[PDB]
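Engineer: Handing you a structure now.
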Amino acid sequence: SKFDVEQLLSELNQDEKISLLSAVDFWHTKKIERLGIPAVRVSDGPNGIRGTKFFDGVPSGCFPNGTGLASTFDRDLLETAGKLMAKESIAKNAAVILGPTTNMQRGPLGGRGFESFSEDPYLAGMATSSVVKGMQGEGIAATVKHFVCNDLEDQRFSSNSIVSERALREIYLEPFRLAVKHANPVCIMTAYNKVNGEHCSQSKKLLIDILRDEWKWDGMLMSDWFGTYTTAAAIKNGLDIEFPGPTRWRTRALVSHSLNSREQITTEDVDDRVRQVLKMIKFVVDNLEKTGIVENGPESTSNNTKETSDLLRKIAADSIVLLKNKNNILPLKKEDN
Amino acid sequence: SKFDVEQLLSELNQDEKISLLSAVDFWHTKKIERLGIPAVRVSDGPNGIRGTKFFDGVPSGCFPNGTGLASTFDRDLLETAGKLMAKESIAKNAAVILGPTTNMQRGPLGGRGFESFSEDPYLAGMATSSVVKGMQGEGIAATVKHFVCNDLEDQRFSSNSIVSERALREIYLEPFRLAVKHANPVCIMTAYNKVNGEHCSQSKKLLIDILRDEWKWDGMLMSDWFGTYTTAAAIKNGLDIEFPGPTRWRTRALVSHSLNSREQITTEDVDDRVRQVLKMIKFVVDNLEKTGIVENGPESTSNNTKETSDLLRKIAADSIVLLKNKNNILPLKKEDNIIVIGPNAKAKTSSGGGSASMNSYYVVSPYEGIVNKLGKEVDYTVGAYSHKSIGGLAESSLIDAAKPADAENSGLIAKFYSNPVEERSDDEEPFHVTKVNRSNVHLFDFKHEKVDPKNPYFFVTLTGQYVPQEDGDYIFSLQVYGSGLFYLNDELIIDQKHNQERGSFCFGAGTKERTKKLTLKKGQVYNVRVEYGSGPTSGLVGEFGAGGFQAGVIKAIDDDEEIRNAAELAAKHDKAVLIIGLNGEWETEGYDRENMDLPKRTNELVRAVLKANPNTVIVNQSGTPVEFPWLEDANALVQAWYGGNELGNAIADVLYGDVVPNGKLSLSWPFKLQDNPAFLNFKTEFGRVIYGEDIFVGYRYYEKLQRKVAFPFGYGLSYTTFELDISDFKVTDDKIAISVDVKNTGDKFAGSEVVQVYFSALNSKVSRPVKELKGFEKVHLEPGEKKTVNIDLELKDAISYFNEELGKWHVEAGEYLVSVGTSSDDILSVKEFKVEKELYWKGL
Amino acid sequence: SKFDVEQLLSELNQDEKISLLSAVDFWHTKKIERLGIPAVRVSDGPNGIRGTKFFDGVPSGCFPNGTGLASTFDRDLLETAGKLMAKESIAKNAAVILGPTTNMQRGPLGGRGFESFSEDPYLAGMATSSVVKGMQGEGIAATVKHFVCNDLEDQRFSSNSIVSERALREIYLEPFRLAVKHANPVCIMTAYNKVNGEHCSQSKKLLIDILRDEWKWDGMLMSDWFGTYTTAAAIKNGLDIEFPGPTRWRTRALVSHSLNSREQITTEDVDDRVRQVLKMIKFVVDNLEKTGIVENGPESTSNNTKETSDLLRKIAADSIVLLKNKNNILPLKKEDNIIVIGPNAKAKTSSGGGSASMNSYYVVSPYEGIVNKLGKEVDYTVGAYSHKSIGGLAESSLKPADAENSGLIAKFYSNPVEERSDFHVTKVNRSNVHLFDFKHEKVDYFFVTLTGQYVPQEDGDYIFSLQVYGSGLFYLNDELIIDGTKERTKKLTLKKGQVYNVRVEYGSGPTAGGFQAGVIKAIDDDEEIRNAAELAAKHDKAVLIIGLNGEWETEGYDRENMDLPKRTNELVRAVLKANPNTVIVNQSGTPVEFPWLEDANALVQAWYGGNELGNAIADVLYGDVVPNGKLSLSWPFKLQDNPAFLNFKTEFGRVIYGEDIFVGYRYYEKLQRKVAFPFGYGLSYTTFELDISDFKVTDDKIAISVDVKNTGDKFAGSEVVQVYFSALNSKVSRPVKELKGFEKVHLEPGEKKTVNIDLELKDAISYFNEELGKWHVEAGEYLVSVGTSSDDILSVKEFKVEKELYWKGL
């Protein structure tokens, strides 16, 4: 490795440090030319890589949705799916994939119920873990999302999920715990909502007491997009990087006015966050040989092969669940009318 | 008028509402055209109106500084001063004045100590209330600042004032309660600091519980400039408007995201702030036909008249306190052969430094005042230098040396560019060009379509010709906030670009002074050029304002020789008039004084002059106490403060007896810094300042310790003599009426005396000060004349203390003493009385 | 060991667990026979062991008071004193001493200022550490008290000490930190007051975050007496045991009901407190072989020996500070013609008032010490009176003249004199009858009939006295003369030789208790001053003995001023005028103004000297002990000069520590305020000189060698080397200099010794960084100043520190 976190942290000035705490645009973090820190490209999503645009976007490989994926109950195939996701991401020159998604269908009506794995925490967590293992084995960073209790869409930027510690721990945190323990994801994205009255993106209990002190996970936390709600509390309480850019909550003037006015945060809090962003970047940079990712590089349809074709067909075929088959109606015969 | 607060509130959409919670620019609120809400202009400050800019600002009338004003002990005159300030504001088309200032000098070293009124909360409150009445009777809104406990400048943006509720209530909040009670200011500005751990500008206790729920005050709160530290808590907790614009904390995105995400605030909190801004604007609009204010109007000098000069001269003369006068040194007379000596003699120290300062119509130096009085030239010598830094370059240069030292030709030329000189095409035109008269180029609020308010990034090339008036060594200087290079005849003499070191310049945020002494030749023409980049240009890490710069030059001297010379010349005259003190760089917003000393060789000069000639009158200009080590040998001593535009005539008036000195000290004047209550806790340490003396501030401390001071609160001499006695006294169960007869016992001079009324509790179990000021009256008397003045007040006003345990003010049953005198140390007549109806109260 | 804490904790049932969390009675923890857990006896106090009774107390050895002890600046001697206190404790069968005390005299007027050690936290902490070592080396448990900021008496059960974290750390917690680090006290007693809003006895920050998580101290915390204020919070927040019993806050019902209702505490909270109580009993039980302590054992005077007497006399003599001695007035020669004068000359002011005082085997008055020294009768006159109230009746009351016919008899009764037809009997020797910890089968209301005969020794007026809580009547010759209360007096004329009958009918406090009936010979105040002056003029020398006493300085209230009482100052001025070669000996626990100081040519501060106080004073005055104490306290000229002048009262329930870190000499040096005598000052009968003779600094240690020499040629003597440090270029405001080391060295005339002082830099030069919440060793330049008082600096050394250090803990 030619990328050392502490050396670089000791070399960044305060303005550079603050600039690393937010993304520059929808999809990229902050290049620090003078120190050889590249911009890292991130892309959605949990079932294939979109790249940098919706409108006029580069065609890509779409996987089956998460609830179908989990229905394979097949860890080896989910790790294979993961690896193919990484190859897909490389063709889009994205170093970090925003997935997989593992909120919980506590009811069936969730807008994003299709996107996560399972109502069962063990299956959701092994599925997450296997997907992350395949992505990260190819040098590509995963982002398990969204931490935590983003289990419906209605008024999600303010929804307060009120949930006992027993349920929080056994149902909603559990697939994150299993993912952290078995797969060590490089990133986690915080949810839009609150848990028990506190926005997750500034919850010290979630982002520090659990993720850091209890579980000892050492990856980078990013907000969901615009899912940041204060300048100082989010910095103090463990949110490493705000997305997307340009920053709302972390302009140089806001952060540095807070520091110099002794409002809530100290330069140590700022260092703690920068330190985590630098670890993510280290992961990307140390893997640049393996992935061949190009900073700000083009986006291609280059993984559009027969091999990717056959694998998406397999994964899809294995997700299918036969619920009824009375009197041998199935399988069909080719000459059946 | 038809400006209707509730109708407009109901008609504003959410974006227009957010846009009312922050200023647009440094000085103006948000116009909303479709609804007829005009932009309102506000202006500094508490001793005169600067208007919309520091650099190239429109001249104005500078009043004496606050501790000078309060030393008049004259409510009618202070109210008259507020009216004139309103007339001054109308000339700048400012509808709101940012003042008066009434923080408390709990110790003497505060950088803004000059600016506020008094260590005594009653004198401070009644002065504030008289100024506010004067402004607001003319239709112009006051803004009492800074709420609260901004009692020193060290680290003021983070400084935590740790103060008990009793002291908070009896000393610091009290001048604001009095102002609110008697004058109802339209606005109040929050302080930069914290109180007991919370920034004032987001403190629910200060902004809502006290101001609104307790006191029922209905005016508007604005932040100090940049004095806002969160988005949602400041809005929830009662801060109505953030200054300056463009907003940092209250963009449409920040506030609506907070609202939409249920983070801390509701639409109701936003409406409550907006309604208070609308009430301020309604005051302005209700008063438009009366004031004639023009929205975004021009700024003029239309108030620079004989009437204004006369009134400023009177106010300054009456601020002056005579401290010693033995052996009939004073009053001076035409026949005395006098020499005028000293660093402040030809200086123009009109005001303290910072937001209270301004560009004046003119300022009469004390030397000029004396020349004006005698109708001829007066002998002079400088004696010693006392400047903190070197200015005077723009003030003595010409654009074109071969032309006459004209108005049009005097000064320097500032040319403004988008690009630095090292880079631009030779055909890049300046975007702005300005003739510069003062060497301090202060660009804080500089505004131009080529300058981005969120990143005020630009360059200035400053040029002219300097022609020395003496052969010898000259010291040139450069100070910057931003970046600068000082060239002489196209040779780089001073580099303020590389390896900058932080110093005093620009409120303590800029660089130290760098200088270059060069041997210069008389009458030879030298080309002075400064290349400057504003704050954001210079590659110094952080978020910067536009900043400023000062290029200066001064004639080197033989300092020892000049002291000898001063002393020799003083022996050859009948009397010397020695003019000394601090100035607006020693006493300024931004940092506190390091000690109570007069600067540089001042004391050496005074000791030499007093030895050579004991018939010397000393005139001291400062806003707060200085140690006078040679005090015992000074037979004649006058405290002139910073007397504003007419300072020099006001001083001559008092020295010659055309005005008979009638001021009384608004501050205790200890012998030594180590005697003061705040000696150990006047610095922000680990982010805090513990008000360890609690209620024992100023004379409350000294009397309680029986510590002698050089001069006590309320002290001041006259050319005549006075005597007084209580002529009637009546106590009901709820009131005190006291009549006092005062007589001028002298047979030569008319003059005014200040009757001071103090109270003392005689046997309480609660610890109090020995006595507290609760009434004063100033009375003018001809020789031999006697008048009765009356002082009636409620007992609740006179003898309450704040019971911290109960959370309430308390009039305690018991024996009391009323003491009446002409200083806190000169009590002439007393009376005991009994109170048996106790009273507990809160509010006003 | 037959005592296993964790095994016991696992075997105790819940009720037994709850019963261990409070004392049984005033002095004893709970016996649990089932498990072999004995009752442990504790006893006051820091200057001698009182035992289980105030009234009818078993006599004991009273030591000099704390500010006198600290003025020895002698660790070894203080260790010796704690060892002797242990032996005194064993003789009362008390396994734990309620001492030493180390609150801080932030102002001079604290009613218990006499009782603690020093305004300097390093001297206070090393004195504490030394006493505790001496106690515990004998197998007796120390209880360092009162934790923390119990620095005045006014309204102490509720007073909120509001104090910044920097001053809390550097000044108030610091002597406890040092005591813990160096001596590991088995117990600490919590204060009555609050700190920053929270009663100390339920403050998690103090009791757990600091004492347990940060310092790792594993002793037992007990409340001061009745200084518990909640049931559940105090248990949750680290108060191990409530005293006295019977429990108020921790009954079985209160505690188990909180547990069973999920109100605040858990069974784990309870076990945590029981575990600390068991560790304390384990120390006592593990030591039983060494101490011989008998459970619920008898109390004796067995330690009243020549060895104890000579050691008390030595400790008192070395406590004494010689403040002025012009014209070689001192030492006195045994052939000097002298008169002794003054209100304290025949007084026995052995201690200050309240919790730290006791019934002594004997007290030698200063007058008796001088008679003992000279071996003959000494001329005397009282000069002036200075008593707060009249006592002295029991002490001078009774044909036979016996030392067993001496005093009054107290006969306790169920009902009033008004109604009795016609249970406890006690021989009373002191007029103040203090019944607070009094107990009998026939009591919870009770009544007392106090009788004897009084015989005047002079003709004329006598003033009889009575004070009560809260009912009594005084009869002389069966006629009613006098009807907590004020003092009420009756003046009567009597006749030398004539026997009168004294009878006091008293009713108990509900009508706990107490009363004092006294008598005094009335004097003509003006004439007695003239008389002392006239007499002083007719002798070569006068020795004038003045001061306060245990009624002016006492637990329960602070002093109102720093004045000497009544006509003392007038007396002193008259005597100094009549004879300039008058030596003044002053007894007080804290400073008093001496307005006549300029005219006083010889002046000795004796403190309150305990049983041998008067022989120690004689030892110093005649030169058999060469004065060697230094002031443990700053002695300002006037009360108003003091840093706490404005904030030394509980007002609206609080006290703001406005001076912050600037306490005692840290304040005066910073202001450059002159005092009458500074911290660390004391004179000798010989001269000394010193020089730093070696110096060495590393990254972590400072080692200093100092040569000291007695340059006189007549007296041997001890000098106290005091080592102060200063930051010369710190970013942070600090005191001019700070005491961080001292050594006491005995030197024959002409003799020279080298003393060594080794310290870790972190001990020498840290300040507490309030913003970071940590101690900081800051890089920069520093000065070590060595001298024989805080002003008399004789040798200095500059040194650089390059390595920074942030630390917490010990």
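In the order they appear, the protein sequences are chains A, B and C. Numbering of the first sequence is given in the working numbering, commencing with residue 64 and proceeding in unit increments. Numbering of the second sequence is given in the working numbering, commencing with residue 6 and proceeding in unit increments. Numbering of the third sequence is given in the working numbering, commencing with residue 1152 and proceeding in unit increments. The beta-carbon is built from N, C-alpha and C at its ideal position, and this holds for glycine as well.
(1) Give the residues of chain A in contact with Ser163(B), contact being defined as C-beta atoms less than 8 Å apart.
(2) With a threshold of 8 Å on Cβ separation, who are the neighbours of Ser1194(C) within its own chain once the five nearest residues in sequence on each side are excluded?
(3) Just verifying my parser: in three-state terms, what is the DSSP assignment at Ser163(B)?
(4) So, helix, strand or coil for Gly1892(C), using DSSP?
(5) Could you tell me whether the stretch 355-367 of chain B touches the stretch 666-684 of chain B, using the rule of 3 or more Cβ pairs below 8 Å?
(6) Can you have a look at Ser169(B) and say buried or exposed, based on whether 16 or more other CB atoms are within 10 angstroms of its CB?
(7) Whose CA, out of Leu1879(C), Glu1955(C), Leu1586(C), lies closest to the CA of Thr1849(C)?
(8) Quick one: what's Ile623(B) bridged to in DSSP?
(9) Should the stretch 1522-1536 of chain C be called in touch with the stretch 1555-1573 of chain C, which here means at least 3 C-beta pairs below 8 Å?
(10) Could I get the ranges of all uninterrupted alpha helix (DSSP H) runs contained in the stretch 122-193 of chain B, with 4 residues as the minimum, in chain order?
(11) Scan the stretch 72-85 of chain A for residues whose Cβ lies nearer than 9 Å to a Cβ of chain B and list them as they occur along the chain.
(12) Determine the direct distance from the alpha carbon of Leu236(A) to that of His209(A), and round the result to whole angstroms.
(13) In terms of alpha-carbon separation, which member of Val771(B), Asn795(B), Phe718(B), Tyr704(B) lies closest to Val745(B)?
(14) What are the residues in the stretch 520-548 of chain B lying within 9 Å of chain A by C-beta distance?
(15) If I measure Cβ to Cβ from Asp303(A) and keep anything under 6 Å in the same chain, skipping five residues before and after, which residues do I get?
(16) Between the Cα of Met109(B) and the Cα atoms of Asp476(B), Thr148(B), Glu566(B), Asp156(B), which residue gives the shortest distance?
(17) Can you tell me the Cα-Cα spacing of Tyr1380(C) and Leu1586(C), whole angstroms?
(18) May I ask you to list the residues that DSSP assigns as paired with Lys351(B)?
(19) Quick check: what's the CA-CA separation for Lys740(B) versus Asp125(B)?
(20) List the residues of chain C that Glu698(B) touches, going by C-beta distances under 8 Å, in chain order.
(21) Whole angstroms are fine: how far does the CA of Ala184(B) sit from the CA of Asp291(B)?
(22) What does a CB cutoff of less than 8 Å around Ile286(B) pick up in its chain, not counting 5 residues either side in sequence?
(23) For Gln679(B) and chain C, any beta-carbon pair shorter than 9 Å?
(24) Under 8 Å Cβ-Cβ, which residues of chain A neighbour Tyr234(B)?
(25) List, in order along the chain, the chain A residues whose C-beta lies closer than 8 Å to that of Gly692(B)?
(26) Thinking C-alpha only, which one of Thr1577(C), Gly1219(C), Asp1166(C) is nearest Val1472(C)?
(27) Run down chain B in chain order and give the residues with a C-beta less than 8 Å from the C-beta of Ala297(A).
(28) Who are the Cβ neighbours of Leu798(B) in its own chain at under 8 Å, not counting the five residues just before and after it?
(29) Check the Cβ of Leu1822(C) against every Cβ in chain B and list those closer than 9 Å, keeping chain order.
Structural biologist: Let me lay it out:
(1) The CB of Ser163(B) comes closer than 8 Å to the CB of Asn323, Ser324, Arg325, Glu326 in chain A, given here in chain order.
(2) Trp1178, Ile1200, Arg1201, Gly1202, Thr1203, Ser1240, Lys1243, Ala1245, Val1247, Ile1248, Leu1249
(3) coil
(4) strand
(5) no
(6) buried
(7) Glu1955(C)
(8) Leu583(B), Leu642(B)
(9) no
(10) Scanning the stretch 122-193 of chain B from its first residue to its last, the whole alpha helix (DSSP H) runs of 4-plus residues come out as 126-142, 179-188.
(11) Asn76, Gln77, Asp78, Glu79
(12) 10 Å
(13) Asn795(B)
(14) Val546, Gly547, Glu548
(15) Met283, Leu284, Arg336, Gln339, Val340
(16) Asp156(B)
(17) A direct Cα-Cα distance of roughly 25 Å separates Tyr1380(C) from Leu1586(C).
(18) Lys351(B) pairs with nothing; no bridge assigned.
(19) 22 Å
(20) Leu1797, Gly1809
(21) 22 Å
(22) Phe8, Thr34, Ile42, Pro43, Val45
(23) yes
(24) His320, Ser321, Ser324, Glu326
(25) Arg325
(26) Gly1219(C)
(27) Chain B residues near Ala297(A): none, gap ~11 Å exceeds 8 Å.
(28) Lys740, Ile741, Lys779, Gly780
(29) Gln679, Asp680, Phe684, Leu685
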